[PDB]
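Note that each Cβ is placed from the backbone with ideal geometry, even for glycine, and that neighbours are counted across all protein chains shown. What follows draws every value from the coordinates through simple rules; no lab data is involved.
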Amino acid sequence: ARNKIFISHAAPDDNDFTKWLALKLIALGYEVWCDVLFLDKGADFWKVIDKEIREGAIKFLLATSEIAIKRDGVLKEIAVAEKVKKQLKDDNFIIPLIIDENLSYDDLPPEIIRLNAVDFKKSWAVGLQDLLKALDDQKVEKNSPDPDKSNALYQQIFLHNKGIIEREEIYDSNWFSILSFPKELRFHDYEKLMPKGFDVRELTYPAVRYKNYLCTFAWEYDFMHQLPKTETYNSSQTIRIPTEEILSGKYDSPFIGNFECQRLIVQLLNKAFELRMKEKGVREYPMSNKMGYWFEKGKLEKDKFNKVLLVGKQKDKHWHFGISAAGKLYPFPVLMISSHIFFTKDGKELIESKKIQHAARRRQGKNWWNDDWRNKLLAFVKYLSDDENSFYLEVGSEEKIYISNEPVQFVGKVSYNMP
Amino acid sequence: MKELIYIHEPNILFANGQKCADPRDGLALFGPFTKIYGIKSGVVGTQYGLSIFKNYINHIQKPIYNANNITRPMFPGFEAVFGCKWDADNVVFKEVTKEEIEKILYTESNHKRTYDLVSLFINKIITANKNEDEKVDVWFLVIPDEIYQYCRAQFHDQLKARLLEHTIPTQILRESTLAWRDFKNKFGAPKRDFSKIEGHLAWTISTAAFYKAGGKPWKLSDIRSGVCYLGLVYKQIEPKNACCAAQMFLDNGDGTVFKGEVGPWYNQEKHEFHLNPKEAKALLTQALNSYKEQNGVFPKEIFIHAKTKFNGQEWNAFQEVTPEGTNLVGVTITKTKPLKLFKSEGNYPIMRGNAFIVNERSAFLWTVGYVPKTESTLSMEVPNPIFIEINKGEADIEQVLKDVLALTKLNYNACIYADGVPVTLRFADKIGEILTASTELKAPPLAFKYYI
DNA sequence: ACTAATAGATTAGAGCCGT
RNA sequence: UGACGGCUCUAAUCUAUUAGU
Ligand SMILES: [Mg+2]
């Protein structure tokens, strides 16, 4: 029966394309007759070319090119192809596969000009994907010589340009933009009243002694108990600076360059976050270059909050969702909240062995997934939400830094099947 | 709401000018860009290693099935993909007796231990490259596992640098890799399970062997012409810094000339990771001449990228030696800033290619993420993006993002979908690791085939 | 100038597991 | 070192400030 796909092409150059085309179709199980790959030597080729076009061919594929349409021996296969098409009452018989870049549907012979071509000019894999759609639509039967190769090669062709959907998607970051911040940043000259090398870290509110000025948002007479003779200070020596002006990068004062001010603000910001943690009473954990935070076993209700177990157990220890918030001002002031997994054998003291924790951290990590990490982090900050829509950072008696308790959300215009 | 732009995946060429986005697909469907006649193997190892190597090379001639055929493509077979022959019966075997390892193994000094083992393997290779009339293509050193961990100033790094003066491609294969079924940690299960990634393993070794034998498995075509993408990496030497460079650019015939432009440009300065005016001028001059000879005309801009920022004086040196009409772009690509974008609903991480334009001179680009075609992330969890900032020069922050993603498609040491960092910053890292692992060679080879 | 300290910054390296 | 990714532990440099020599 006619169950063979004939291929016509120019003799010298089309071989490369046709050879790849012929083998792929054979590998898919499509029976194929090529004038160079299946023509026995010494045969009367027109006798067998004509005969099989009439009798053996069920599809006719023409490798269309700038010379394959000017080749006398190819049009003869076309001319008989049209005739056998007529008797077979199959309009979808001749499929003029266009491969040449310079051939664009305006020098094609009238015989195939009425027909719908399959485009290979830009990419052979997609053009062959078009053919498989065309052949499968017409229910062209193909055998299954090696079923595994046929299915696999079909999938390789099938999934060539796919997986980029135009659907919008929303991404939850670990960035938490600051909502509020003090209006005025103040340099206190408590120097005259400050003990030599008075630890500035012991203060209730964050204050950095830039030069001889205690850079802080805190109100002047705030550290009355902590710092003696605080009230004796004169507010004249305090240097008021508009905070929003710094964040705009416009306060290029000779006294302090703008760049240094933000780094102090971040220094204040990170310290204030740490100071708030003691108020929130979260157990901390030193790191290689950072400071960890988490909730002790039993502190949180069932060691879970917002339907998320911030505290769990792995092996002989207890895994704890660790965090290390870091401040950033460029370009949008944001307090990044990271994600970690600390481990405690009794649920309280953390395994001192760094090797055991790090090995444990990886074992726990290979369990949590994108969604799980999102749930754990957002539940953690939600527990830290002072307000129902933010959490503040006390930097003074009446100065506060509200920061959005929800993470900054990014929007993208491309998604995938997400199987 | 911050909007993320999407960077389209650049295409890597294959046979017949055909383009595909996955090297594992464009190779399987279309084949390598340029074919070699065949690969003549050479094995330097124990009798056990030679049997394993002969077993594995014969194994990968035929198609290989991994459990997850849907996601990561199967391996059609070496001759089926690359078109050349890689026969295990043409092995120019050079035996290394296990007892010979023992006497070197027992030396007290670690310096003498690693040097003698390196001298053990390379001497047999070097002699067999001067006395034997066999044209060996790639020398495969099936090293026994005792070499790896008893000898632990690196065996692998020392070996490659000492063979540079002879220009001998080598491909070190640990015996635990080729015979993974036959190495278990007393549990009965392999020390590393390659069962689900057999095709992934066979893909990587084959293209590495194919590349080192003079083959070009694929090349890039999605870059702006007339640009010399030069990548700089600094290595600590113990207060010495060495800064090798790797360049990638199109020739006149639209061919990527992915070569090095290397040397230990030393920085004995207290401030680290920068270049003196003298050293910096030589570095950029070399790449300029290399493009000059490879193309005839000078580049119209030089896309200098690095993981470290550039100060003024070294940038000034670049300006002084730069010819007229040539622009400079300084790009700093770091993988440190934590910007984790968890997907709203689902379990598959953010798709690769998303980009956050922070401003006109910086961006966050997701080179690692979820790849749809492979249907299985090269990563496992939420991927950290790489921060790309235009340190110096005038360039488009969107065009730079495309080029940076483009440079992630020339990893020949593995046939993965794409690499997290641009390969020019990864290959220059490998070169600096290799070069400095021994004495200063007057002229290093510029073919990555001798390093990767 | 040279050291020391408190920071954020920005780099490197080691190394320990996943896939 | 078939590879890749993540993470950990260190370390140094640069900047600011003060102290000290
Ligand atoms: Mg390699």
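Data overview
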| quantity | calculated |
| --- | --- |
| Prolate/oblate/rounded call for the stretch B:84-197, Cα gyration tensor, a/c under 1.5 rounded | oblate |
| In the stretch A:226-328, GluC sites (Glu not before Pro) in a DSSP loop with at most 10 other beta-carbon atoms within 10 Å | A:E231 |
| Computed over the stretch B:1-144: relative contact order in percent, which uses C-alpha pairs under 8 Å that are six or more apart | 30 |
| Antiparallel %, DSSP beta bridges [both residues in the stretch B:175-334], to 5 | 55 |
| DSSP-defined antiparallel bridges as percent of all bridges, chain B, nearest 5 | 60 |
| Among A:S123, A:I403, B:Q18 - extreme Cα towards positive end, dipole of the protein assembly as shown, charges at beta-carbon | A:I403 |
| Net charge, B:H111 excluded, C-beta distance under 15 Å - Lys, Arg +1, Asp, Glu -1 | 0 |
| Violating pairs (Cα-Cα greater than 21 angstrom) within the set A:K183/A:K278; A:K354/B:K335; A:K149/B:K196; A:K139/B:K373; B:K300/B:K402 | A:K183/A:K278; A:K354/B:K335; A:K139/B:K373 |
| The stretch B:205-254 shape via C-alpha gyration tensor axes, a/c threshold 1.5 | oblate |
| Alpha-carbon spread of chain A, three principal axes, descending order, Å | 116, 56, 35 |
| Dipole of chain A [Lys/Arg +1, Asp/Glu -1 at C-beta], most positive-end residue of A:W369, A:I69, A:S248 | A:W369 |
| Shielding score for A:155-164, defined as the mean number of other chain Cβ atoms within 10 Å | 5 |
| 10 Å Cβ neighbours from other chains, averaged over peptide B:16-28 | 3 |
| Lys, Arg +1 and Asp, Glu -1 on Cβ, resulting dipole of the protein assembly as shown about Cα centre, debye, nearest 20 | 2120 |
| Likely footprinting exposure, A:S253, B:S221, A:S65, fewest C-beta neighbours within 10 Å first | A:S253, B:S221, A:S65 |
| In the stretch A:362-419, the GluC sites (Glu not before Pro) that fall in loop regions by DSSP, at most 15 other Cβ within 10 Å | A:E388, A:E398 |
| Cα-Cα pairs of the protein assembly as shown separated by more than 35 Å (percent) | 63 |
| Too-long pairs where the Cα-Cα distance tops 32 Å, listed order kept, from A:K83/B:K35; A:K328/B:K270; A:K317/B:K112; A:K85/B:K19 | A:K83/B:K35; A:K317/B:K112; A:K85/B:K19 |
| Nonlocal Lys pairs with alpha-carbon distance under 28 Å, the stretch A:359-419 (8 or more apart, or different chains) | 5 |
| Check: chain B dipole with +1 on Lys, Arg Cβ and -1 on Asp, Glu Cβ, in debye | 560 |
| Shape category assigned to the stretch A:272-419 from the gyration tensor of Cα positions, a/c cut at 1.5 | oblate |
| When each of A:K19/A:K76; B:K85/B:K259; B:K281/B:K430; B:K212/B:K337 is checked by Cα-Cα distance, pairs over 30 Å | B:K212/B:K337 |
| Sequence-separation-based contact order of the stretch B:309-376, relative, with Cα cut under 8 Å and 6+ spacing, percent | 20 |
| Positive-end residue of A:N143, A:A218, A:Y171, charge dipole of the stretch A:124-222 with Cβ unit charges | A:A218 |
| Between the stretch B:1-57 and the stretch B:395-444, the alpha-carbon center distance in angstrom | 17 |
| Dipole magnitude (debye, nearest 20) for the stretch A:84-170, charges at Cβ of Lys, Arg, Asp, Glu | 320 |
| Whole-angstrom gap from the stretch B:228-270 to the stretch A:141-205, using each part's C-alpha centre | 31 |
| Per-residue average of Cβ from other chains inside 10 Å of A:404-415 | 5 |
| Loop-resident sites, the stretch A:245-292, for chymotrypsin sites (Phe, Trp or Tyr not before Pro), counting at most 13 other Cβ within 10 Å (DSSP) | A:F255 |
